[PDB]
Amino acid sequence: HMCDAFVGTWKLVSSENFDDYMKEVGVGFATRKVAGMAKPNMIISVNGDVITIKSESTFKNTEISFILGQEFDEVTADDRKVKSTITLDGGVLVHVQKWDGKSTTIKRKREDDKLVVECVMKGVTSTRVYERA
Ligand SMILES: CCCCCC[C@@H]1C(=O)Nc2ccc(Br)cc2[C@H]1C(=O)O
Ligand SMILES: [Br-]
């Protein structure tokens with residue numbers, strides 16, 4: 001019942017500073033432009049201890065499945081090969097990606113009727129707001 005309030009189908013409704021976040025992570029120009037235009041649907045489900053998060057857009061369809069606290073391999077939408085760990089911290093899903101000596105954190109939280117995604121790399125934050133589809 002750990003993630004019940006996250007489960008469902010969510011659609012992107014607003015983005016701020018995402019291009020700059022992608023620049024900080026190292027995403028190249030053409031990927032940034034195409035990715036920045038996307039309006040993904042995020043589909044979150046839980047089966048037992050396994051959480052699955054899908055992102056589906058004209059840019060890319062991605063999928064991760066994981067157990068909280070248990071590291072896994074992820075290929076990101078921009079094709080980084082990262083080691084990821086997702087935990088729950090005070091009701092916030094905290095997703096840390098490590099690659100090439102670098103780190104970025106993506107936080108997902110329920111706030112009112114929204115699911116708010118905060119992507120942070122060094123001093124650059126991007127906020128992406130999703131609502132139920
Ligand atoms: C090239 C983009 C790399 C960073 C993606 C970060 C976030 C994510 O975790 N998944 C995802 C996948 C595709 C696109 Br476009 C945007 C997102 C973001 C979000 O949920 O809105
Ligand atoms: Br996307």
# chains A, B, ... in the order shown; residues from 1 in each chain; ligands from 1
call {"tool": "residues_around", "arguments": {"residues": "residue A:97", "least_positions_apart": "5", "cutoff": "7 Å", "atoms": "only C-alpha atoms", "output": "count of residues only"}}
result
7
call {"tool": "select_by_dssp", "arguments": {"residues": "stretch 33-107 of chain A", "states": "strand (DSSP E)", "output": "PyMOL selection string"}}
result
chain A and resi 41-47+50-56+61-66+72-75+81-89+92-99+102-107
call {"tool": "residues_near_ligand", "arguments": {"ligand": "ligand 2", "cutoff": "12 Å", "atoms": "only C-alpha atoms and all ligand atoms", "output": "ChimeraX atom specification"}}
result
/A:11-12,15,18,31-42,54-63,76-78,128
call {"tool": "write_last_selection", "arguments": {"atoms": "N, CA and C atoms", "output": "JSON list (two decimals), in the first residue's frame"}}
result
[["chain", "number", "residue", "atom", "x", "y", "z"],
["A", 11, "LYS", "N", -0.58, 12.41, -17.01],
["A", 11, "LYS", "CA", -0.19, 13.14, -18.22],
["A", 11, "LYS", "C", 0.50, 14.42, -17.85],
["A", 12, "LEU", "N", 1.57, 14.75, -18.57],
["A", 12, "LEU", "CA", 2.32, 15.96, -18.33],
["A", 12, "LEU", "C", 1.44, 17.20, -18.62],
["A", 15, "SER", "N", 5.94, 22.08, -17.51],
["A", 15, "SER", "CA", 7.37, 21.86, -17.32],
["A", 15, "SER", "C", 8.05, 23.19, -17.10],
["A", 18, "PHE", "N", 13.37, 22.34, -17.82],
["A", 18, "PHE", "CA", 13.79, 21.01, -18.23],
["A", 18, "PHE", "C", 14.94, 21.03, -19.23],
["A", 31, "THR", "N", 18.52, 15.74, -29.06],
["A", 31, "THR", "CA", 17.74, 15.00, -28.06],
["A", 31, "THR", "C", 17.02, 15.97, -27.16],
["A", 32, "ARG", "N", 17.66, 17.03, -26.69],
["A", 32, "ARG", "CA", 16.96, 17.99, -25.85],
["A", 32, "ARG", "C", 15.76, 18.57, -26.55],
["A", 33, "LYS", "N", 15.90, 18.94, -27.84],
["A", 33, "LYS", "CA", 14.79, 19.60, -28.50],
["A", 33, "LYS", "C", 13.60, 18.63, -28.65],
["A", 34, "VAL", "N", 13.85, 17.39, -29.04],
["A", 34, "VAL", "CA", 12.78, 16.41, -29.26],
["A", 34, "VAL", "C", 12.19, 15.97, -27.95],
["A", 35, "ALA", "N", 13.02, 15.73, -26.96],
["A", 35, "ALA", "CA", 12.56, 15.32, -25.63],
["A", 35, "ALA", "C", 11.77, 16.44, -24.99],
["A", 36, "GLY", "N", 12.21, 17.70, -25.17],
["A", 36, "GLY", "CA", 11.53, 18.81, -24.55],
["A", 36, "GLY", "C", 10.15, 19.03, -25.11],
["A", 37, "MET", "N", 9.92, 18.67, -26.37],
["A", 37, "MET", "CA", 8.61, 18.75, -26.97],
["A", 37, "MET", "C", 7.64, 17.66, -26.50],
["A", 38, "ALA", "N", 8.15, 16.59, -25.92],
["A", 38, "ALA", "CA", 7.29, 15.46, -25.59],
["A", 38, "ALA", "C", 6.30, 15.83, -24.49],
["A", 39, "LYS", "N", 5.18, 15.14, -24.54],
["A", 39, "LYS", "CA", 4.15, 15.26, -23.51],
["A", 39, "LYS", "C", 3.87, 13.86, -22.97],
["A", 40, "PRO", "N", 4.78, 13.33, -22.16],
["A", 40, "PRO", "CA", 4.66, 11.92, -21.79],
["A", 40, "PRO", "C", 3.43, 11.62, -20.92],
["A", 41, "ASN", "N", 3.00, 10.38, -21.05],
["A", 41, "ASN", "CA", 2.18, 9.73, -20.02],
["A", 41, "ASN", "C", 3.02, 8.83, -19.18],
["A", 42, "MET", "N", 2.90, 8.99, -17.88],
["A", 42, "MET", "CA", 3.60, 8.21, -16.89],
["A", 42, "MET", "C", 2.60, 7.25, -16.31],
["A", 54, "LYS", "N", 6.34, 3.42, -16.21],
["A", 54, "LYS", "CA", 6.50, 3.58, -17.65],
["A", 54, "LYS", "C", 6.38, 5.04, -18.01],
["A", 55, "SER", "N", 7.16, 5.47, -18.98],
["A", 55, "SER", "CA", 7.01, 6.81, -19.59],
["A", 55, "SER", "C", 6.79, 6.60, -21.05],
["A", 56, "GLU", "N", 5.69, 7.09, -21.59],
["A", 56, "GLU", "CA", 5.34, 6.84, -22.99],
["A", 56, "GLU", "C", 5.08, 8.17, -23.68],
["A", 57, "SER", "N", 5.79, 8.39, -24.77],
["A", 57, "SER", "CA", 5.64, 9.62, -25.52],
["A", 57, "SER", "C", 6.04, 9.36, -26.95],
["A", 58, "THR", "N", 5.85, 10.37, -27.82],
["A", 58, "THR", "CA", 6.32, 10.25, -29.20],
["A", 58, "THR", "C", 7.85, 10.17, -29.22],
["A", 59, "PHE", "N", 8.53, 10.70, -28.22],
["A", 59, "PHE", "CA", 10.00, 10.65, -28.14],
["A", 59, "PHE", "C", 10.55, 9.26, -27.82],
["A", 60, "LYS", "N", 10.02, 8.66, -26.78],
["A", 60, "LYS", "CA", 10.53, 7.40, -26.30],
["A", 60, "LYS", "C", 9.46, 6.73, -25.44],
["A", 61, "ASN", "N", 9.50, 5.42, -25.42],
["A", 61, "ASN", "CA", 8.79, 4.65, -24.44],
["A", 61, "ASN", "C", 9.82, 3.95, -23.57],
["A", 62, "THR", "N", 9.83, 4.25, -22.27],
["A", 62, "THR", "CA", 10.72, 3.67, -21.33],
["A", 62, "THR", "C", 9.94, 2.95, -20.23],
["A", 63, "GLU", "N", 10.61, 2.03, -19.55],
["A", 63, "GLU", "CA", 9.97, 1.24, -18.49],
["A", 63, "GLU", "C", 11.04, 0.86, -17.48],
["A", 76, "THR", "N", 18.59, 5.32, -19.57],
["A", 76, "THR", "CA", 17.68, 6.47, -19.53],
["A", 76, "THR", "C", 17.20, 6.83, -20.94],
["A", 77, "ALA", "N", 16.25, 7.77, -21.01],
["A", 77, "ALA", "CA", 15.67, 8.13, -22.30],
["A", 77, "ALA", "C", 16.70, 8.74, -23.24],
["A", 78, "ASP", "N", 17.68, 9.43, -22.68],
["A", 78, "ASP", "CA", 18.85, 9.95, -23.40],
["A", 78, "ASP", "C", 20.04, 8.97, -23.53],
["A", 128, "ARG", "N", 8.34, 19.25, -13.19],
["A", 128, "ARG", "CA", 7.42, 18.69, -14.19],
["A", 128, "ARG", "C", 6.15, 18.25, -13.46]]
call {"tool": "select_by_dssp", "arguments": {"residues": "chain A", "states": "alpha helix (DSSP H)", "output": "short mmCIF file (atom, residue, chain, number, x, y, z; two decimals) with N, CA, C and O atoms, in the first residue's frame"}}
result
data_model
loop_
_atom_site.label_atom_id
_atom_site.label_comp_id
_atom_site.auth_asym_id
_atom_site.auth_seq_id
_atom_site.Cartn_x
_atom_site.Cartn_y
_atom_site.Cartn_z
N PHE A 18 13.37 22.34 -17.82
CA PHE A 18 13.79 21.01 -18.23
C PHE A 18 14.94 21.03 -19.23
O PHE A 18 15.81 20.17 -19.15
N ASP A 19 14.95 21.97 -20.17
CA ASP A 19 16.08 22.07 -21.08
C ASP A 19 17.39 22.26 -20.30
O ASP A 19 18.39 21.61 -20.59
N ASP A 20 17.40 23.15 -19.33
CA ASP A 20 18.58 23.39 -18.55
C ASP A 20 18.99 22.16 -17.73
O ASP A 20 20.18 21.89 -17.59
N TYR A 21 18.03 21.44 -17.16
CA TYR A 21 18.33 20.19 -16.48
C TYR A 21 19.01 19.22 -17.44
O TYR A 21 20.05 18.63 -17.09
N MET A 22 18.43 19.06 -18.63
CA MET A 22 19.01 18.13 -19.59
C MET A 22 20.44 18.59 -19.98
O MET A 22 21.33 17.74 -20.14
N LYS A 23 20.66 19.89 -20.14
CA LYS A 23 22.00 20.35 -20.45
C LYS A 23 22.97 19.95 -19.34
O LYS A 23 24.08 19.48 -19.62
N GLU A 24 22.56 20.13 -18.07
CA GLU A 24 23.42 19.83 -16.93
C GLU A 24 23.77 18.33 -16.90
O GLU A 24 24.90 17.99 -16.55
N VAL A 25 22.83 17.46 -17.28
CA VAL A 25 23.06 16.03 -17.32
C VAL A 25 23.95 15.63 -18.48
O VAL A 25 24.57 14.60 -18.41
N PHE A 29 22.03 18.52 -28.10
CA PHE A 29 21.07 19.43 -28.63
C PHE A 29 19.83 18.76 -29.21
O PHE A 29 18.70 19.09 -28.84
N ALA A 30 20.00 17.84 -30.15
CA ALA A 30 18.82 17.33 -30.89
C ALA A 30 17.94 16.54 -29.97
O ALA A 30 16.71 16.64 -30.01
N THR A 31 18.52 15.74 -29.06
CA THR A 31 17.74 15.00 -28.06
C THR A 31 17.02 15.97 -27.16
O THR A 31 15.84 15.75 -26.85
N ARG A 32 17.66 17.03 -26.69
CA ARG A 32 16.96 17.99 -25.85
C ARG A 32 15.76 18.57 -26.55
O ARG A 32 14.73 18.78 -25.94
N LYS A 33 15.90 18.94 -27.84
CA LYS A 33 14.79 19.60 -28.50
C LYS A 33 13.60 18.63 -28.65
O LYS A 33 12.45 19.00 -28.40
N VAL A 34 13.85 17.39 -29.04
CA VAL A 34 12.78 16.41 -29.26
C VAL A 34 12.19 15.97 -27.95
O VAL A 34 10.97 15.87 -27.79
N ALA A 35 13.02 15.73 -26.96
CA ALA A 35 12.56 15.32 -25.63
C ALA A 35 11.77 16.44 -24.99
O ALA A 35 10.75 16.23 -24.30
N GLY A 36 12.21 17.70 -25.17
CA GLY A 36 11.53 18.81 -24.55
C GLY A 36 10.15 19.03 -25.11
O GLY A 36 9.27 19.57 -24.42
N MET A 37 9.92 18.67 -26.37
CA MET A 37 8.61 18.75 -26.97
C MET A 37 7.64 17.66 -26.50
O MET A 37 6.45 17.81 -26.72
#
call {"tool": "closest_residue", "arguments": {"among": "A:14, A:87, A:9, A:65", "to": "ligand 1", "atoms": "only C-alpha atoms and all ligand atoms"}}
result
A:14
call {"tool": "decode", "arguments": {"residues": "stretch 96-128 of chain A", "atoms": "N, CA, C and O atoms", "output": "PDB file, in the first residue's frame"}}
result
ATOM      1  N   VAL A  96      17.797   8.028  -7.363  1.00  0.00           N
ATOM      2  CA  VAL A  96      19.150   8.497  -7.580  1.00  0.00           C
ATOM      3  C   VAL A  96      19.765   7.648  -8.697  1.00  0.00           C
ATOM      4  O   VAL A  96      19.670   6.435  -8.689  1.00  0.00           O
ATOM      5  N   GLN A  97      20.365   8.336  -9.682  1.00  0.00           N
ATOM      6  CA  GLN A  97      21.073   7.728 -10.793  1.00  0.00           C
ATOM      7  C   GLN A  97      22.538   8.099 -10.717  1.00  0.00           C
ATOM      8  O   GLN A  97      22.887   9.277 -10.611  1.00  0.00           O
ATOM      9  N   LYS A  98      23.389   7.089 -10.829  1.00  0.00           N
ATOM     10  CA  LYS A  98      24.851   7.251 -10.795  1.00  0.00           C
ATOM     11  C   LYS A  98      25.454   6.754 -12.091  1.00  0.00           C
ATOM     12  O   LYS A  98      25.140   5.643 -12.517  1.00  0.00           O
ATOM     13  N   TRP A  99      26.352   7.563 -12.679  1.00  0.00           N
ATOM     14  CA  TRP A  99      27.052   7.165 -13.885  1.00  0.00           C
ATOM     15  C   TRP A  99      28.252   8.039 -14.078  1.00  0.00           C
ATOM     16  O   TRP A  99      28.187   9.223 -13.802  1.00  0.00           O
ATOM     17  N   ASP A 100      29.364   7.452 -14.523  1.00  0.00           N
ATOM     18  CA  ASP A 100      30.540   8.223 -14.838  1.00  0.00           C
ATOM     19  C   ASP A 100      30.968   9.216 -13.749  1.00  0.00           C
ATOM     20  O   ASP A 100      31.402  10.310 -14.055  1.00  0.00           O
ATOM     21  N   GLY A 101      30.859   8.824 -12.477  1.00  0.00           N
ATOM     22  CA  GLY A 101      31.205   9.701 -11.357  1.00  0.00           C
ATOM     23  C   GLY A 101      30.238  10.825 -11.035  1.00  0.00           C
ATOM     24  O   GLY A 101      30.476  11.564 -10.102  1.00  0.00           O
ATOM     25  N   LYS A 102      29.122  10.876 -11.767  1.00  0.00           N
ATOM     26  CA  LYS A 102      28.092  11.887 -11.667  1.00  0.00           C
ATOM     27  C   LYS A 102      26.859  11.300 -10.973  1.00  0.00           C
ATOM     28  O   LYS A 102      26.712  10.091 -10.824  1.00  0.00           O
ATOM     29  N   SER A 103      25.982  12.200 -10.559  1.00  0.00           N
ATOM     30  CA  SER A 103      24.751  11.786  -9.884  1.00  0.00           C
ATOM     31  C   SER A 103      23.674  12.793 -10.200  1.00  0.00           C
ATOM     32  O   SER A 103      23.907  13.974 -10.222  1.00  0.00           O
ATOM     33  N   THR A 104      22.458  12.281 -10.337  1.00  0.00           N
ATOM     34  CA  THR A 104      21.259  13.141 -10.404  1.00  0.00           C
ATOM     35  C   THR A 104      20.157  12.469  -9.606  1.00  0.00           C
ATOM     36  O   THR A 104      20.138  11.255  -9.465  1.00  0.00           O
ATOM     37  N   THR A 105      19.277  13.296  -9.050  1.00  0.00           N
ATOM     38  CA  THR A 105      18.154  12.813  -8.256  1.00  0.00           C
ATOM     39  C   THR A 105      16.859  13.326  -8.811  1.00  0.00           C
ATOM     40  O   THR A 105      16.704  14.512  -9.058  1.00  0.00           O
ATOM     41  N   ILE A 106      15.895  12.417  -8.945  1.00  0.00           N
ATOM     42  CA  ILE A 106      14.569  12.704  -9.375  1.00  0.00           C
ATOM     43  C   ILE A 106      13.615  12.355  -8.242  1.00  0.00           C
ATOM     44  O   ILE A 106      13.598  11.214  -7.781  1.00  0.00           O
ATOM     45  N   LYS A 107      12.859  13.328  -7.767  1.00  0.00           N
ATOM     46  CA  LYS A 107      11.874  13.138  -6.698  1.00  0.00           C
ATOM     47  C   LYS A 107      10.493  13.201  -7.265  1.00  0.00           C
ATOM     48  O   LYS A 107      10.207  14.045  -8.129  1.00  0.00           O
ATOM     49  N   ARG A 108       9.604  12.310  -6.838  1.00  0.00           N
ATOM     50  CA  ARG A 108       8.213  12.249  -7.271  1.00  0.00           C
ATOM     51  C   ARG A 108       7.345  12.287  -6.042  1.00  0.00           C
ATOM     52  O   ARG A 108       7.522  11.475  -5.127  1.00  0.00           O
ATOM     53  N   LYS A 109       6.393  13.215  -6.008  1.00  0.00           N
ATOM     54  CA  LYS A 109       5.558  13.419  -4.828  1.00  0.00           C
ATOM     55  C   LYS A 109       4.128  13.700  -5.297  1.00  0.00           C
ATOM     56  O   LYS A 109       3.884  14.297  -6.329  1.00  0.00           O
ATOM     57  N   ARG A 110       3.169  13.317  -4.466  1.00  0.00           N
ATOM     58  CA  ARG A 110       1.781  13.707  -4.639  1.00  0.00           C
ATOM     59  C   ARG A 110       1.545  15.010  -3.925  1.00  0.00           C
ATOM     60  O   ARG A 110       1.841  15.092  -2.750  1.00  0.00           O
ATOM     61  N   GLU A 111       0.981  15.983  -4.618  1.00  0.00           N
ATOM     62  CA  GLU A 111       0.656  17.270  -4.067  1.00  0.00           C
ATOM     63  C   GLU A 111      -0.718  17.687  -4.650  1.00  0.00           C
ATOM     64  O   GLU A 111      -0.839  17.899  -5.839  1.00  0.00           O
ATOM     65  N   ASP A 112      -1.735  17.774  -3.804  1.00  0.00           N
ATOM     66  CA  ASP A 112      -3.096  17.979  -4.249  1.00  0.00           C
ATOM     67  C   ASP A 112      -3.420  16.872  -5.258  1.00  0.00           C
ATOM     68  O   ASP A 112      -3.109  15.716  -4.991  1.00  0.00           O
ATOM     69  N   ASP A 113      -3.988  17.230  -6.400  1.00  0.00           N
ATOM     70  CA  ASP A 113      -4.299  16.262  -7.396  1.00  0.00           C
ATOM     71  C   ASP A 113      -3.191  16.041  -8.403  1.00  0.00           C
ATOM     72  O   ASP A 113      -3.387  15.444  -9.446  1.00  0.00           O
ATOM     73  N   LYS A 114      -2.013  16.535  -8.138  1.00  0.00           N
ATOM     74  CA  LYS A 114      -0.872  16.414  -9.033  1.00  0.00           C
ATOM     75  C   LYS A 114       0.130  15.403  -8.560  1.00  0.00           C
ATOM     76  O   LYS A 114       0.214  15.076  -7.381  1.00  0.00           O
ATOM     77  N   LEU A 115       0.928  14.937  -9.510  1.00  0.00           N
ATOM     78  CA  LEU A 115       2.134  14.217  -9.218  1.00  0.00           C
ATOM     79  C   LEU A 115       3.241  15.101  -9.760  1.00  0.00           C
ATOM     80  O   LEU A 115       3.304  15.419 -10.950  1.00  0.00           O
ATOM     81  N   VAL A 116       4.060  15.581  -8.858  1.00  0.00           N
ATOM     82  CA  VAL A 116       5.130  16.546  -9.146  1.00  0.00           C
ATOM     83  C   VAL A 116       6.461  15.807  -9.219  1.00  0.00           C
ATOM     84  O   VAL A 116       6.800  15.074  -8.303  1.00  0.00           O
ATOM     85  N   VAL A 117       7.177  16.016 -10.316  1.00  0.00           N
ATOM     86  CA  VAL A 117       8.469  15.390 -10.584  1.00  0.00           C
ATOM     87  C   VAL A 117       9.534  16.527 -10.542  1.00  0.00           C
ATOM     88  O   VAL A 117       9.484  17.453 -11.357  1.00  0.00           O
ATOM     89  N   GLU A 118      10.488  16.418  -9.650  1.00  0.00           N
ATOM     90  CA  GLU A 118      11.569  17.365  -9.504  1.00  0.00           C
ATOM     91  C   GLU A 118      12.863  16.678  -9.882  1.00  0.00           C
ATOM     92  O   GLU A 118      13.273  15.711  -9.231  1.00  0.00           O
ATOM     93  N   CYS A 119      13.542  17.188 -10.924  1.00  0.00           N
ATOM     94  CA  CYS A 119      14.788  16.604 -11.448  1.00  0.00           C
ATOM     95  C   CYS A 119      15.903  17.572 -11.078  1.00  0.00           C
ATOM     96  O   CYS A 119      15.856  18.732 -11.449  1.00  0.00           O
ATOM     97  N   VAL A 120      16.912  17.083 -10.384  1.00  0.00           N
ATOM     98  CA  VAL A 120      17.984  17.928  -9.867  1.00  0.00           C
ATOM     99  C   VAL A 120      19.336  17.403 -10.296  1.00  0.00           C
ATOM    100  O   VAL A 120      19.641  16.232 -10.129  1.00  0.00           O
ATOM    101  N   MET A 121      20.186  18.241 -10.876  1.00  0.00           N
ATOM    102  CA  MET A 121      21.572  17.957 -11.216  1.00  0.00           C
ATOM    103  C   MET A 121      22.367  19.173 -10.775  1.00  0.00           C
ATOM    104  O   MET A 121      22.156  20.258 -11.269  1.00  0.00           O
ATOM    105  N   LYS A 122      23.217  19.031  -9.724  1.00  0.00           N
ATOM    106  CA  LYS A 122      23.993  20.083  -9.142  1.00  0.00           C
ATOM    107  C   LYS A 122      22.999  21.145  -8.739  1.00  0.00           C
ATOM    108  O   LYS A 122      22.077  20.889  -7.942  1.00  0.00           O
ATOM    109  N   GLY A 123      23.194  22.361  -9.152  1.00  0.00           N
ATOM    110  CA  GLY A 123      22.284  23.463  -8.750  1.00  0.00           C
ATOM    111  C   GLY A 123      21.098  23.671  -9.675  1.00  0.00           C
ATOM    112  O   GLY A 123      20.382  24.657  -9.475  1.00  0.00           O
ATOM    113  N   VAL A 124      20.881  22.791 -10.637  1.00  0.00           N
ATOM    114  CA  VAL A 124      19.815  22.965 -11.602  1.00  0.00           C
ATOM    115  C   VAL A 124      18.652  22.027 -11.293  1.00  0.00           C
ATOM    116  O   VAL A 124      18.839  20.814 -11.218  1.00  0.00           O
ATOM    117  N   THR A 125      17.477  22.641 -11.091  1.00  0.00           N
ATOM    118  CA  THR A 125      16.262  21.908 -10.832  1.00  0.00           C
ATOM    119  C   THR A 125      15.254  22.157 -11.904  1.00  0.00           C
ATOM    120  O   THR A 125      15.075  23.298 -12.346  1.00  0.00           O
ATOM    121  N   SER A 126      14.570  21.119 -12.307  1.00  0.00           N
ATOM    122  CA  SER A 126      13.422  21.217 -13.169  1.00  0.00           C
ATOM    123  C   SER A 126      12.207  20.600 -12.506  1.00  0.00           C
ATOM    124  O   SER A 126      12.316  19.564 -11.868  1.00  0.00           O
ATOM    125  N   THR A 127      11.066  21.257 -12.626  1.00  0.00           N
ATOM    126  CA  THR A 127       9.817  20.796 -12.050  1.00  0.00           C
ATOM    127  C   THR A 127       8.853  20.487 -13.194  1.00  0.00           C
ATOM    128  O   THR A 127       8.572  21.324 -14.047  1.00  0.00           O
ATOM    129  N   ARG A 128       8.340  19.249 -13.186  1.00  0.00           N
ATOM    130  CA  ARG A 128       7.415  18.693 -14.190  1.00  0.00           C
ATOM    131  C   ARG A 128       6.148  18.249 -13.459  1.00  0.00           C
ATOM    132  O   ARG A 128       6.238  17.479 -12.511  1.00  0.00           O
TER     133      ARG A 128
END
